[PDB]
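*Asks:*
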Amino acid sequence: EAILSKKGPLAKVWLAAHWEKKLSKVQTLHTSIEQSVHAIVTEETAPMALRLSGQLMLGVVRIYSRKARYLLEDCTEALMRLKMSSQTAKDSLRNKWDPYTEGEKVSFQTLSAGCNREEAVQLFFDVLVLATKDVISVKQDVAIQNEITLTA
Amino acid sequence: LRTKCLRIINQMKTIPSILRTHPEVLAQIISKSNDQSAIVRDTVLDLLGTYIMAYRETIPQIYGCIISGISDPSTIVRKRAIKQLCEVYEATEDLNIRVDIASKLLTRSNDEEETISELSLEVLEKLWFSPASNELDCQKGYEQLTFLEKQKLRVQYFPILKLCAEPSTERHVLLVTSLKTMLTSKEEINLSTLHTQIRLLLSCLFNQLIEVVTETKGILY
Amino acid sequence: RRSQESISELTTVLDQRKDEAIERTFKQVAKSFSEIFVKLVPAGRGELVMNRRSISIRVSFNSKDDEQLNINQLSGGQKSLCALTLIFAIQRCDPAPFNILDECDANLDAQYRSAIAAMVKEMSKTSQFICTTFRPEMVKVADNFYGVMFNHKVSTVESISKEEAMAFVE
Amino acid sequence: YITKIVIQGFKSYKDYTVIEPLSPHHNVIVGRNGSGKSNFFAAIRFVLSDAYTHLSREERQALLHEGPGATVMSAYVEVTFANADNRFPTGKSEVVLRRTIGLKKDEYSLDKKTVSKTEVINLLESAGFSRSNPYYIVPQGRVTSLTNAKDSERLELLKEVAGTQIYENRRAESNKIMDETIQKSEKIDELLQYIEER
Amino acid sequence: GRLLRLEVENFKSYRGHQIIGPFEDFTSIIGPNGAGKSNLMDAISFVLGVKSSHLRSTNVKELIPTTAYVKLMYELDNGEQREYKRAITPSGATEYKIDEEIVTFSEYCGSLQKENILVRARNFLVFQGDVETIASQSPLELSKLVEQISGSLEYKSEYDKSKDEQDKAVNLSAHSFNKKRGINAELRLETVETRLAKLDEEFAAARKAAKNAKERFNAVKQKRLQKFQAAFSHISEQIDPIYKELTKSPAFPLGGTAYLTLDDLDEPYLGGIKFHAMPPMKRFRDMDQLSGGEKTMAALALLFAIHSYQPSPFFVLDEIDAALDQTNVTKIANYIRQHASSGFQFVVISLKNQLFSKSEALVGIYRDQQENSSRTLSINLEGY
Amino acid sequence: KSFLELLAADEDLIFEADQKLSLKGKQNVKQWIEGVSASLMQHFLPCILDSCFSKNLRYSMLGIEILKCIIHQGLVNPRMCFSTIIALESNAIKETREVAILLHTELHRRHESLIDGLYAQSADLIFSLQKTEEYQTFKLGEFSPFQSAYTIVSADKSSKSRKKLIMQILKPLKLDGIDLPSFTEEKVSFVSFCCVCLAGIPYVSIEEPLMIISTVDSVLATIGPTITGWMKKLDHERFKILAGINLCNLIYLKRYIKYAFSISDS
DNA sequence: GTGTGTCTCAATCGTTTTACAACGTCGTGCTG
Ligand SMILES: Nc1ncnc2c1ncn2[C@@H]1O[C@H](COP(=O)(O)OP(=O)(O)O)[C@@H](O)[C@H]1O
Ligand SMILES: Nc1ncnc2c1ncn2[C@@H]1O[C@H](COP(=O)(O)OP(=O)(O)O)[C@@H](O)[C@H]1O
Ligand code: BEF
Ligand code: BEF
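What follows is the structure, encoded as structure tokens:
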């Protein structure tokens, strides 16, 4: 719960890792390590992931370093001090029995706009999709123009 | 070390009387008005403000090293130089230098930083038609009582007319855009308060315009 | 010194946890991909296989067998479909925040666009979507519609509700 | 989820434009062929991504509005998130972010708190976001992305969604810190042995 | 004249000897996704000999189930059906062929180029999702493209080699005269006179070499500039009328503008051909922060402007309408409809029914699941 | 006056902006209009920037106002009309040397690429304005029309662009010898104009003319002692005198460069 | 009740590293 409140030392080390090295003086530096390790080793807060564990590891090692440095400084001082439509087309074809060519399936389909343009091209795209999924076997290379036979 | 010393003397003596005995030392800091360090620039602007507050008789020959800072790249020098122009404007009485305050203010209506375009307006507002006295509320102009005609509104009124008389098409547009931007103020009360002051002005000029029906070529214009 | 040895223990346990997390997340995303892709097409197999390292997206557009159909030799439409299946499965395993889609209807057909629309309906039930198109299939699923217009050298945004699904399709 | 956005001064967006508190489910945007969609998504990416970083003078000027009204100096985008606990500072139920850009300044922020860049980077990193080119965002016509890249990059994206890159980075950094401490500890031991003798 | 037939066996996803039929003016490829519908453009690009990397594949064994070949037949406005056949021999090599006689690339490319088909710089082709990156690349490669259309690359090689010869000669002669003024300036001893005589003769030799090299340079530069200036002059006078024809919709009867500028009028190869465009309701911005639709329109206008210089016999378009609304796709459809003639053959692949709904011939492509052979049919749009 | 007032409607949103911002900053609670102007300038551009060099001040000043507006709104490609700004930078009265510098310092602040080499082209225009035949001998000391150009670009660490423009001026300084016999008086009068424009300009550094003197000694070495046995021999041609006079103009400048800063030794 | 004296927020002036763009180096794919 270290993100929410300031109870556990996990919150303090989280602040140390999250914000910066500062805003944690000597008087609040002297915290615990074993508690922090046994708090990170168990399952973390509301985000169940690993990223927060990585940040916490950075924080604990930074605190470790700073405390060791302070100990070094004190020891140096102590030394100094002691030194002293695809359906609509599928339906028309589903009904009509084999054999049937394209010209005739077009003949029984009249698009609402009356143009032998969009009706025909939509009919064509349609028979393409139908042939694309196992409806019709077709044949056109017999050197006869517009001679596609269409059969289930 | 040069930064520290001029930073120290900015509050050290609290008496510009040292410069009553050392005008050559004052001449030293006048030379550093164009240093590259943006920090030392404002220090010169602060010291030179203080020197006018007491040793007032140096309005003209000092004035030059003041407006030379408003057209500078740093914001600190501009945001400081402006506030000194405020104090100088009241203590001075030559209208011919008052107009030079205004032209250099309106020119900085827009700037690269937003805050310069912010401060520049209220410091202008504070001068032109927002006096700081009594008898400024709940009344109109009347006939030559309490000597407000030639002693109060002559700072509220006079430097206007000589700034709006420029036939240059820049002046006639730089003003009118600024006035509307001044209207959208901080909205504690935004309309009625500014009204009362300028309704006085709009009637005040009007009294001098009632002179046109009680009377001269350029004056009317 | 005791603090030092404890943080060494911490590094070890966290490394172990990382490795098990990698394994389980790979397994889950693989299963999710296979399910979504078999849902999209009436007949096909899709699966991911990690290489021998610690990936190769063996796609197949048929049911019986592949003919070593090498990726980026298939089509534009098929690989666009594969990319969408990938991101949608990754988000199915773990909910991602506020995903955004700019003109996914590029080289698809009617049927694929309808199947995209239905699965993105379900994914909208689970998470947050914003997208842009021009076609009638993606439009019928948002239940919250917008609109932009450009006039006087400025672009403005508005909010409209029904007219767009008949005005900017047909 | 995220509720409403304000953009002003941005490219093809002069004045003060706000979008409604949009719905948490699917949303669509429709308009003309060349107006204000790619710019909208570019603004959303601008406020929250790793892009527009290695900019320059003409770049940090390229993304302002150039028009006849008046020379514009700065621009800002601000988003509003209605989180519950996904973002770590759960004390704030409605977090807000904004990034202002002048011709010679940029500042990230939090709820009017003007923090530096590294902190908002760390904030978005603790949340479930990704710093680099994010998979959940696809720009114009770039949809054929994660189907033709080199497959080691696909392993990279998978290790990204599992969250391990930053883990390795901080682990190595911690190792460096450990080396500094091991030298300092050797010093400490020698000095205290001298103490003990004296 | 135009493309007439294509007979191909065992191409990628085409098993058996298929025959692709009549190609009238402005034919349209059509079919569902993922089944044919661009292997035809691929086979055209393979006949028109090109590297595999521009195609979707990355080798030459990967287009098959045995060794294959593509054979194209072309008309030359005088009845002659000249055929070009390119095969793939085992182990990965290849053999080109014209009229069933084995011929190396040289005469292939030559007798192909004589019909205004530049293959070293392919321009008549466009690939899926590459229309908008024709007007957005740096200016140096646009200059490279227009220069490849000029056909002056040996001129470029002689140019830059001669420039290296000529900075070398001039800087060496500069330091040479520096040392001469140095040495002779101290003269007032055999040392200075040997230095005089030998350095003078050395500098005279370097001078003769420099003068000769200047001549060679002036020759190659004169030829290169003749060709480049001819090309640029004829192209940069024709882009704005066709751009205004492209972008003048009924909504905006003042379409827009387009400019091709360069920095040094005398030495143009340094700064690339900068190119900018202005849609109807828009101010001046460079080709970087422009959007997708205007990028597409500008690229198509640029290609048509190229076509105004040297006409190509055919023109193959893939999905050029990826990011366009209805207005301008209807506009470009009307343009292509009223511009195709005996000199131009537009073969267009697209899905939007409004676009190809008014073609002359259609080639639809299906995929029989039994053989996985993406077979195809074709039909006319004249009886209706 | 009609054209300028027409364009002014789009720019009148400067205080009509605040007339509208009184409903925008403080909110209330055929589509040709935007595209009539941006076309009818390009159909009449090539006369606009020709009028600016006339002696009729009212005509001129009321031409430069239009040019001040077009670039400010960006209605025509600035690339086509940038080669006339520099020709208005110096060769006029003082009343216009402000605005030209202002536009020339506006584009270089935020565009930097649409204008980077055009100086080489535009310098042909200035020399094309003033006539020089047996008169107006380009003696050193005059106001070089780029006196401000180097200043405006040098307001940064421009270790590159400062070098770029001077390259665009020295383009005829070296003698490429496009055809060694054929050079005309106006053609070498051109290069003599380019000499003085390099002379009278101060610099922030000292290194950049040291390569310039390195170039002029090359042409001194390369082609000079060719004609050395020509002038002294019966002088009956114009091939050399159209060049040798030009060649001896280089020692003039090179001598002025040794005194340009009095720091070069030889 | 008025001056106090201490705590907390904003610009700016050297460093630093860090992204970026130019330049040889190989290795696969062909064609003669
Ligand atoms: N810096 C800019 N300032 C103003 N407008 C811009 C800027 N950059 C691009 N634009 C304009 O923004 C529009 C782009 O809108 P976009 O959303 O890109 O169009 P599409 O609808 O194709 O996505 C174009 O008109 C473009 O010119
Ligand atoms: N060498 C090959 N042998 C058999 N099939 C192939 C071969 N190479 C590619 N394919 C298949 O051919 C089909 C390509 O069809 P294409 O015409 O490329 O699709 P699009 O409709 O996007 O143009 C894909 O299924 C691809 O996998
Ligand atoms: F690859 Be093909 F154009 F669909
Ligand atoms: F129309 Be945007 F560029 F997708």
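Protein chains in written order, with the deposited numbering: chain A, 5 to 88, 552 to 619; chain B, 795 to 1009, 1016 to 1021; chain C, 996 to 1049, 1078 to 1193; chain D, 2 to 199; chain E, 2 to 65, 84 to 207, 1031 to 1226; chain F, 1248 to 1276, 1293 to 1529. Every residue, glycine too, gets a C-beta built ideally from N, C-alpha and C.
Using a Cβ cut-off of 7 angstroms, pull out every chain F residue sitting near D16/D, in sequence order please.
*Replies:* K1271
*Asks:* Given a limit of 7 angstroms on CB to CB distance, which residues of the region 31–61 of chain D reach chain E?
*Replies:* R33, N34, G35 and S39
*Asks:* Note down, in chain order, each residue of its chain lying with its Cβ closer than 7 angstroms to the Cβ of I1115/E, except the 5 sequence neighbours on either side.
*Replies:* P158, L161, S162, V165, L1102 and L1104
*Asks:* Are the C-beta atoms of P90/D and some chain F residue less than 7 angstroms apart?
*Replies:* no
*Asks:* For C958/B, which option in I1019/B, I856/B, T940/B and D829/B has the closest C-alpha, if you only look at C-alpha atoms?
*Replies:* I1019/B
*Asks:* Write down the C-beta distance between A83/D and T4/D rounded to the nearest angstrom, noting that I regard them as a contact closer than 8 angstroms.
*Replies:* 5 angstroms
*Asks:* Would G1337/F count as contacting chain E if we go by Cβ distances under 7 angstroms?
*Replies:* yes
*Asks:* Give every residue of the same chain whose Cβ lies closer than 6 angstroms to the Cβ of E38/A, excluding the five residues on either side of it in the sequence, and list them in chain order.
*Replies:* none
*Asks:* Can you tell me which residues fall inside 6 angstroms of ligand 3, judged by beta-carbon distance to its nearest heavy atom, and keep chain order?
*Replies:* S1098/C, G1099/C, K38/E, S39/E, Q147/E, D1160/E and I1191/E
*Asks:* Would you mind working out which of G1134/E, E8/E and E1087/E sits nearest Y88/E, comparing C-alpha positions?
*Replies:* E8/E
*Asks:* Drop a sphere of 10 angstroms on the beta-carbon of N1170/E, count the other beta-carbons inside from all chains shown, and report buried for 16 or more, exposed for fewer.
*Replies:* buried
*Asks:* Taking all protein chains shown into account, decide if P1121/E is buried (16 or more other Cβ within 10 angstroms of its Cβ) or exposed.
*Replies:* buried
*Asks:* Using a Cβ-Cβ distance under 7 angstroms, would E1263/F count as near chain D?
*Replies:* no
*Asks:* With DSSP as the reference, label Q576/A as helix, strand or coil.
*Replies:* coil
*Asks:* For the region 112–161 of chain E, list the alpha helix (DSSP H) runs that are entirely contained and at least 4 residues long, ordered along the chain.
*Replies:* 124–132
*Asks:* Mind checking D1265/F: buried by the 16 CB within 10 Å criterion, or exposed?
*Replies:* buried
*Asks:* Check the Cβ of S1091/E against every Cβ in chain D and list those closer than 9 angstroms, keeping chain order.
*Replies:* At a beta-carbon threshold of 9 angstroms, none of the residues of chain D lie near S1091/E; the nearest stands roughly 11 angstroms away.
*Asks:* Return the residues of the region 876–887 of chain B that lie within a Cβ-Cβ distance of less than 8 angstroms from chain F, sorted by chain order.
*Replies:* none
*Asks:* Assuming contact is defined by CB atoms lying nearer than 7 angstroms, are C1315/F and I1327/F in contact in what I supplied?
*Replies:* yes
*Asks:* Sorted by chain position, which residues of the same chain lie with C-beta nearer than 7 angstroms to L1381/F's C-beta, five sequence neighbours on each side aside?
*Replies:* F1345 and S1346
*Asks:* Look at the Cβ atom of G1507/F, then the Cβ atom of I1486/F, and state whether they are nearer than 7 angstroms.
*Replies:* no
*Asks:* Return helix, strand or coil for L1270/F, following the three-state DSSP convention.
*Replies:* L1270/F: coil per DSSP, three-state reduction.
*Asks:* What three-state label does DSSP hand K90/E in the structure shown?
*Replies:* strand
*Asks:* Need the endpoints of the beta strand (DSSP E) that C1154/C sits in, please.
*Replies:* Counting along the chain, the beta strand (DSSP E) containing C1154/C begins and ends at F1152 to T1155.
*Asks:* When you measure from the CB of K38/D to every non-hydrogen atom of ligand 4, does any distance come out below 6 angstroms?
*Replies:* yes
*Asks:* Against chain E, with Cβ distances strictly below 7 angstroms, would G1298/F count as a contact?
*Replies:* yes
*Asks:* For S553/A, I'd like the list of residues in its chain whose CB is within less than 7 angstroms of its CB, leaving aside the five on either flank, ordered along the chain.
*Replies:* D593, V596 and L597
*Asks:* My parser needs the alpha helix (DSSP H) runs of 4 or more residues fully inside the region 797–860 of chain B; what are they?
*Replies:* 812–815, 817–825 and 832–848
*Asks:* Report the three-state DSSP secondary structure of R1040/C (helix, strand or coil).
*Replies:* strand
*Asks:* Since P33/E meets chain C, which of its residues come closer than 8 angstroms, beta carbon to beta carbon?
*Replies:* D1132
*Asks:* Taking 7 angstroms as the CB-CB limit, is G70/D close to chain F?
*Replies:* yes
*Asks:* Give the straight-line distance between the Cα atoms of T808/B and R801/B, rounded to the nearest whole angstrom.
*Replies:* 13 angstroms
*Asks:* Under 7 angstroms between C-beta atoms, does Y68/A make it to chain C?
*Replies:* yes
*Asks:* How many whole angstroms separate the CB atoms of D1257/F and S1300/F, which I take to be in contact at a CB cut-off of 8 angstroms?
*Replies:* 7 angstroms
*Asks:* Any heavy atom of ligand 1 closer than 6 angstroms to the CB of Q59/A?
*Replies:* no
*Asks:* Run down chain F in chain order and give the residues with a C-beta less than 8 angstroms from the C-beta of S192/E.
*Replies:* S1481, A1484 and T1485
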